[PDB]
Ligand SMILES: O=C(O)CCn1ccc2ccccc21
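One chain is shown next in structure tokens, namely the form solved without the named molecule.
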């Protein structure tokens, strides 16, 4: 009955994201990972690549599935009969910005947002910083799942 959506661009998914997925899947009957695509800007990975990397690293979460979308997150959530979003947060700065979006989403669609504190070990990994570090040759193998790391290096080379 209960369910939540875990949104992001996941370009690529990180171990921080996977931690959030696992924690959501432990507390809700179903979890949908929403891979939100900007039809106007391509990321590093195509939609099918992003989804494949997430599926490979969530194979042991039976109540989680992965779907892409675009436009308003609250429409994605509501069209699946749900009304909760779960998002990871690292800092107070994160909270202030995400707060605005959560209150807007509640206002326009009645959708609630639950935030979870990042695991300490992954508090400094982000998709953007991992890509930037890897671009200039830094070692990010411990911050990304196996389903991501060598595909990332491949994209960069």
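Numbering follows the first chain given and starts at 1. Superpose the two forms; the largest set of C-alphas matching within 1.5 Å is the rigid core.
Comparing 63 to 71 with 93 to 101 in 9 other deposited structures of this protein, after superposition on the rigid core, the stretch with the greater RMS C-alpha deviation is 93 to 101.
Where the structures in 9 other deposited structures of this protein are fitted on the rigid core, 84 to 92 is the one of 84 to 92 and 121 to 129 whose C-alphas sit farther from the shown form on average. Coordinates for residue 107 are present in every one of the other compared entries of this protein that model residues on both sides of it, well short of the third needed to count it as often missing. Annotation: residue 41 belongs to the positions left without coordinates in at least a third of the other compared entries, with flanking residues modelled.
The PDB entry records a higher mean C-alpha B factor for 36 to 44 than for its counterpart among 63 to 71 and 36 to 44. With 100 to 108 and 117 to 125 compared on mean CA B-factor from the PDB entry, the stretch scoring higher is 117 to 125.
In the PDB entry, a CA B factor belonging to the lowest third of its chain's modelled residues is recorded for residue 13.
Ranked within its chain, residue 3 lands in the middle third, by CA B factor from the PDB record. When the CA B factors of the chain's modelled residues are split into thirds, the value for residue 143 lands in the highest one.
A second form of this protein, the form deposited with the named molecule bound, is not displayed here; the remarks below concern that form.
In the bound PDB entry, the named molecule stays beyond 4.5 Å of every heavy atom belonging to residue 148.
By the criterion of a heavy atom within 4.5 Å, residue 55 is excluded from the residues contacting the named molecule in the bound PDB entry. In the bound PDB entry, at least one heavy atom of residue 90 sits within 4.5 Å of a heavy atom of the named molecule. Residue contact with the named molecule in the bound PDB entry: residue 8 places a heavy atom within 4.5 Å of it. Residues are counted as partner-facing when one of their heavy atoms sits within 4.5 Å of the named molecule in the bound PDB entry; in 15 to 32 these are 16, 17, 20, in sequence order.
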